[PDB]
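# Descriptive structure summary
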Amino acid sequence: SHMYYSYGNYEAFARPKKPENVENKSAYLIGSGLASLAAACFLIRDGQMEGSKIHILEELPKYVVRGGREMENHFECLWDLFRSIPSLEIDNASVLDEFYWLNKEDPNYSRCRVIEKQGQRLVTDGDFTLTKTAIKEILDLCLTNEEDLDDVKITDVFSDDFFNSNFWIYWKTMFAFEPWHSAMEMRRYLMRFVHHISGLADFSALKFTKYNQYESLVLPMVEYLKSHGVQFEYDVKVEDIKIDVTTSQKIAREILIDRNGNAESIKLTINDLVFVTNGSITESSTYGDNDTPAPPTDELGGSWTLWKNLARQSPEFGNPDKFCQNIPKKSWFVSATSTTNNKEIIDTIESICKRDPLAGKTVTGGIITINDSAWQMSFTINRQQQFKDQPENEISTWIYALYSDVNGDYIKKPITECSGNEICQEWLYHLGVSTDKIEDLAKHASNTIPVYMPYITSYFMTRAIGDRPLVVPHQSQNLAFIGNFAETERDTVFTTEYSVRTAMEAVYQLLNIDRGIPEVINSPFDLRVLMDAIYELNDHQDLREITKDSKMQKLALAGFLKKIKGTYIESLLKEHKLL
Amino acid sequence: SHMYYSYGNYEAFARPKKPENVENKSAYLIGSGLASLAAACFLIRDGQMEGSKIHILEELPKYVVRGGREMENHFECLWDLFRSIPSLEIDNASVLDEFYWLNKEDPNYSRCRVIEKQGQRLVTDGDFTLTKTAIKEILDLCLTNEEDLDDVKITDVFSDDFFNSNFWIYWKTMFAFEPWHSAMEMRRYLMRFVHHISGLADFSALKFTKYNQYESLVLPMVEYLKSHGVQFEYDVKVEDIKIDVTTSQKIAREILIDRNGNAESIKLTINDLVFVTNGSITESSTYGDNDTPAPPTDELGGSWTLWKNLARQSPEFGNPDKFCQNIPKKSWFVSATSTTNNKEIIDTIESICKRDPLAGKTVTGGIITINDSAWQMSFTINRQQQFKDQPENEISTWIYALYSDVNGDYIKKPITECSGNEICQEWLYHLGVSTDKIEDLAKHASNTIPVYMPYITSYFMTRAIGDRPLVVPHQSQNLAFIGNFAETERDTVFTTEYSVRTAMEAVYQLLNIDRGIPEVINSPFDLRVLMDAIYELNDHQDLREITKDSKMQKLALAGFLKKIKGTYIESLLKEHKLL
Amino acid sequence: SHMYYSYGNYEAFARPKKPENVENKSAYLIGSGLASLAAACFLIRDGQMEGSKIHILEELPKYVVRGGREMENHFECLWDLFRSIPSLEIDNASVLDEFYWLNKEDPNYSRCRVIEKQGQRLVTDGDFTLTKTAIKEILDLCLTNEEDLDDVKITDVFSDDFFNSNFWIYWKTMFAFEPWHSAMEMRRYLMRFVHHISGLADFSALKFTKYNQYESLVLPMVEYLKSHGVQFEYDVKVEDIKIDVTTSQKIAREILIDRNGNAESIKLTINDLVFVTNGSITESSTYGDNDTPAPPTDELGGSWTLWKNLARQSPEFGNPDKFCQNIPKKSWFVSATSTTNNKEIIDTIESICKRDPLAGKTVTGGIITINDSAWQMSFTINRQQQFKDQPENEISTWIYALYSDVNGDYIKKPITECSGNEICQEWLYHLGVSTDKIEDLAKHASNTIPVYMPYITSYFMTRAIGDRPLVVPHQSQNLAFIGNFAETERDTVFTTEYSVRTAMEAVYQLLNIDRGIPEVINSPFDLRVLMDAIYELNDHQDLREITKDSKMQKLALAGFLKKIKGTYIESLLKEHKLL
């Protein structure tokens, strides 16, 4: 009870007092990821901790696109943070100001979503094509308690009708689900993005940065932190943190680090806070080129080794083996990015996405799903250029495939065995380019850089409660867990919001900052949102059309409309066009 | 349209673009009320209009408490405004920053709410004592459409069971309802403060400023506006504004003013905005003293004359005669404020409110309702001192009475005929002070200043749709109506929020500022809020105890719990202690 | 939480670590009572706080017995404290060592308990004479929840049969109950002393000090504290403690004291602990002599004024007016002590108590109840001499009367109007002394000093939960409430155990000392104890004799003995002579 959830404008603009004894506190932060830098910015801003007392420990010494960085308006903790962060492109404005102004003048929306048979758009695009049984299973999943879904796969809760629907095609590609993933984590997405079901197929509710998130989010935060004098230590490899787990309290006592190849230790008091980003989804990422495949691997890196060393000291520090071990070989492993300036590939893209890729505006609106591909290939093109020095005549696309062990259509090899051009070979095949000019474009007019992330589907692995540590574990004094693998309430992993939210909850609990953490948006608990979900899920159908065939449901519906005739409920029903 | 409602932290911290053609636009603002000054601050901040283009027109040239200034956290538009306003008491903080910090180190709560029999606390205090029929009428009021409630009184929808409840005692005094008031405006309060029902009896949900709202709100806004060079014109008596109504658009052409007794005119273009505060509840306020009663009056002031002049120019500018005429004589007219340093008056209050009035903290927590009084007297004491130069040994209390034509208990005269001491005579009588030393305490040990507001109940008068003009009327170009008498969506009059909201909606619609106006909070459409309301309305009773007597409700409930056994709904029911 | 209850020898002999940050902490203790000095000893011993950081604030500058100080073996927190306290009589031993050795060589037991008709022992002595309905009401009281007994009087739960029993005669005189006292506090005594029901009439389970508790308990603790350098401030009158009760935490900020007549202030940090003994039962005690009555009064003293000042700052600091106000005039107010060396009074005492009063051993074993007296007079004689300078030929007895407003039998005056001799006049009347030589013995051969405690029955006043503050209130940082008026779990007020227990709980919670506080003994939860209670309450009767008349209870009993025949339960039944 060191924190409380709040919402509205009262706690949003309120600044908290400087919490007690902060001037004698220090903070050690492992990693320089999004969650780590977010916690460093909260300590400077809300904790009012001076910059010399904050230490950032980074592994590394002092064109690839990491796609999937969808954002929406209700990332409450992200915009709380990216308010005081000054931007690096325009003056006298924040990172939110650029993000707000850019997404209001160029709204993001996709005029094409799913293509099949080598170029043709899907005929049932836009519709969800969910059967009544399929919608029933969606409601049953949402109505099951989270504690009852321990180690439950997606296939354990859904049937054949749901997976054959266009809803699952949109769902499995936006968020990169697999059928063997966590039902808890899918249930969280259903509750979190229930207010965006209308803007699900066409990506109207998605918001994107001007560039990649490294330069749009991380670099502004790095510059903000360095302006406050935050100490950055480089070439520091953290082996483990000595935790003494007593019957009454847990303190991080000492951190064993490898500073520039020299193994030595930093001592800790109860005042010296430690923020741990347990796990990493980009760890041990091998790279390739247009000529050679990215070599597969499963070597555990520093972030996973740190969690495995911490998990031994206490059972409520989590089970990293539920995520980093026994990842199915069919799962998403290989992502590719392709940079080209060839005109007829762009024209082939323009024939599908109905927009000019070199225009400097929204190009694809999001991702394009190849339905007929055995790889389940999906590709996206963001607002070109995504990079500062990228020439204005070049576009950069991002290609990933969900299934990995299956042979492709144009190339009878798995994605893990395909080189950079061979990924671009099949990508041009499913765009409708003929089988004659396809080979020389990928090999000579295109440059494709594959990357093999072995842990890119870790956060969606089937888990039980307690497999992920709490953001601040029970009875903990200076140890906090942040990042996508730290357990918090009702929020959803693999979002930039979740890493920032866990950063905010950790700083607020450890420092006892008296300000409400903005809760996850109350979309599932809103009558208006739930009424829009019912209308959208059964393909824009009124209550009379939903129950037009079943006699029992129509009878209860007929009685219900008698009891609400000429009432405020009926006006709600009409104005959400459910009548 | 010209505006859109929004919620969340995305549109809260986002600064909008400078709208087009602003540097060629000017604004003329009638009055210096809260709504007028808020509109001037929004034009400076969100419209980025230079201060020389904004004119404030004030009637007046250049201890009394105007109570009823309840504030709660979900005044979304108010905290949006009082964010950039710097405070005048502490440095490097806003008005909200003081407001947040002062209501966290001294929370508001009432240790006594209703007293009767000359001092003793009401035995059923805290309980609502609502029957099932009474709660049914509460929900039926909420479930009727606002269009079907035109010119509908409170007594037209409620029965004797509701009026005999402790809920109605709390409700009629917090907001100063009368039984002959608008059912629309009561229905809006029920939906607006449905999330504060748990903190309704003890005032735990209310928030207060350090001083009176003139010095805590208006003076910080005045100093903010003066630092930006906003021009204040005094001695300006506005007769009418020339409005030409075409079939396509309406433009404020010319304003007729009486500048320091000199009748003259100011020209207007379409770029020159006009903000009219139609009507005023403090208009034609006669004052009394400790010896003479406040002289009753029914004289229309400048604001009501200005609205009556405008209403003849167009049918959709509203009907001011529905509010400023035919106010019943039993309605609230007289308010009194009593300043004393006498010990046994203070000690009598200390025995009732259970707190030290001179401590500088919460004293009464809000109002104290005298249940047995014929006047329906209710008095409040805020954080003393409420004024700057007031000596530290004095308290200043605020007394008002709802009924006005009935003789009091200690004094057999109506409140309209009682002098300052005579109001203090009966107030001390209902505090339990002995009726022998009561005379010289009011006459010599206390100073009471009555004030007669003839229009303090105008906003609650029974009305139809269109009786209040829209904030920006349909097809209007530079004319906007602000204040408590402008019609907006789902929000509640006689709050500081409503005047600020109508100020924001006017500035944003006229200037086409492309930023989401924060909507009224979605408490009535929230499942969690509604479930807490059901628990609190019938006095902390589970579903089984609510339906323990009716067989029809019991039978349907038993079949309902079988259908939600072991689901997320049942977890929602139990965590809100309804199950 | 911050403390945990434990029992057994593991946590008894275990010493805890020095808790963190103690060397920067200080403690201010109001009063020099038993609870205050006990908390000072726990800070020195268990908290390992150095003596210079502990301040004792005593109001006072630098032949009366305050009897009723019964002790028993299961005062777990008292013997935990009086282990390290060295004694002042014998060398190389503790206070417990003297108490243990003295109460095992001279066991306490009473050969006479109740006398009536001026000298004759009661014929039904030893027996309880409880009816089956009367025992049923005892079980019903014990089986009601404590939360369901708010403001419940003794007469509200018991009937005529219970008060006519000899059990109520023993109960009302040992603990000084009145019929208008708290049913919660009686229920606690029934559960606490359920294992001493056998030793109830004859006082076999009671233990007594060699002298009064001032030199048996307080002076050894004072000498122990002064040996550690504890700072004693004298002539310090505490008016109030400035508490700021925020929404998240409560800190004692500043204490307003009157040091030697000079009103000044001592500042506090969060580290400076404050221990408040709210209320006092010996406060405003007026004294008398042999010739004039002790003057009645009800003037609130310093300890009650401090609680009343603290109760205003927060509602969970208690309601002192439930205890110090509206004490019924029939309640116990006057206690008298009589010192004499006249031989025939001693012989009359010896004829009743069957033991030599000058022997230096147990004299009365406890108290003697006058059943026929309208005053309900009870008198006791402890191990003479109770005082060091008291001559060896003198005995000192202690007389108190429960009813106060009723005229006595020998003297038709209330006890409040009787002088010292007049109390001794009626005391000799009920001892059987002739009505002729009675007058000159009290007036000339005896010296009786009355004392009027107006608040001696405060702790038994009817209360609700929350009327007494928690030992450490919720969300409190350096403020703790100790003494008989602080609320703790399952323990019983007006015992030396309770004041020491609340001292231990306060020190352990505030300092976070990691050692189990010994729980209140588990006698009500023990099968063996409950079986002995059933045997003793119905006057040493087997199960067959208990239900030998009721056919319904015999039927269930007959089937019960068939199910447990030849089992361990039957052996338990036989060895506790219930079967």
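- Header annotation of the entry names cryo-EM as the structure determination method and lists the resolution as 2.97 Å.

## Observations regarding the sheet that holds strand 11 (residues 286-287) of chain C
Residue and element names in this part refer to chain C.
- The sheet built from eight strands is open, its strands ordered 5-4-13-14-15-12-16-11 with mixed pairing. The sheet terminates laterally at strand 5 (120-121) and strand 11, the two strands that pair on one side only.
- Sheet strands touched by helix 7 (residues 166-174): strand 4 (114-116), strand 13 (367-370), strand 14 (377-381) and strand 15 (395-401). Its angle to strand 13, the strand with the most contacts, is close to 120 degrees.
- With respect to the sheet, helix 13 (residues 420-430) is in contact with strand 4, strand 12 (334-340), strand 13, strand 14, strand 15 and strand 16 (446-452), its orientation differing from that of strand 16 by roughly 110 degrees.

## Overview of the pairing of strand 10 (residues 250-259) of chain B
Residue and element names in this part refer to chain B.
- The sheet contact formed by strand 9 (residues 236-245) and strand 10 spans nine bridges and is antiparallel. Bridging across to strand 10, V236 finds its partner in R259.
- One ladder, built from six bridges, connects strand 10 with strand 11 (residues 262-267); its direction is antiparallel. Bridge pairing in strand 11 places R259 opposite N262.
- Connecting the antiparallel pair strand 10 and strand 11 is a turn made up of two residues, with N260 showing a positive phi of about 55 degrees.

## Some thoughts on the interface of chain C and chain B
- The partner chain B presents 11 residues to the 12 residues of chain C that form the contact.
- Interface area for chain C against chain B, summed over the two sides, is near 760 Å², with a carbon-plus-sulfur share of 43%.
- Three residues stand out in chain C for area buried against chain B, namely C:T247, C:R312 and C:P315, and they jointly supply 60% of the buried area on that side.
- Linking chain C with chain B are two salt bridges, by the criterion used here.
- In this structure, B:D356 engages C:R312 in a salt bridge whose closest nitrogen and oxygen atoms are separated by 4.0 Å.
- For the pair chain C and chain B, the interface holds four residue pairs in polar contact.
- In terms of residue class, the side of chain C that touches chain B is made up of four nonpolar, five polar and three charged.

Reading the values: rules and limits
As a convention, residue numbering begins from 1 on each chain and follows the written sequence, not necessarily the numbering found in the entry; residues with no coordinates do not appear. All chains are assigned letters beginning at A, and all ligands numbers beginning at 1, according to the order in which they are written. Taken from a larger assembly, the chains shown here are the sole basis for all values reported. Water and hydrogen atoms play no part in the side-chain values, which are based on all heavy atoms of the structure. Paired strands, in this sense, are two strands between which DSSP finds at least two bridges. Elements are defined by DSSP. Helices are runs of H or I of four residues or more, strands are runs of E of two residues or more, and each kind is numbered from the N terminus. Between two residues, a contact is recorded if the distance between any of their heavy atoms is within 4.5 Å. To obtain an axis, a line is fitted to C-alpha atoms, over the contacting stretch when the element is a helix, and the angle between two such axes runs from 0 to 180 degrees between their N-to-C directions. What counts as buried area is the accessible surface, traced by a 1.4 Å probe, that two parts surrender upon association, with contributions from both included. We count a salt bridge whenever a side-chain nitrogen from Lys or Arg sits within 4 Å of a carboxyl oxygen from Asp or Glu. Two N or O atoms count as a polar contact when they lie within 3.5 Å, although within protein this holds only if one can serve as hydrogen donor and the other as acceptor, and sequence-adjacent residues are included solely when both atoms are side-chain atoms. Any residue outside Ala, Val, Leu, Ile, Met, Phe, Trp, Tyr, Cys, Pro, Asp, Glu, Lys and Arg is labelled polar, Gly included; the first ten of those are nonpolar and the last four are charged.

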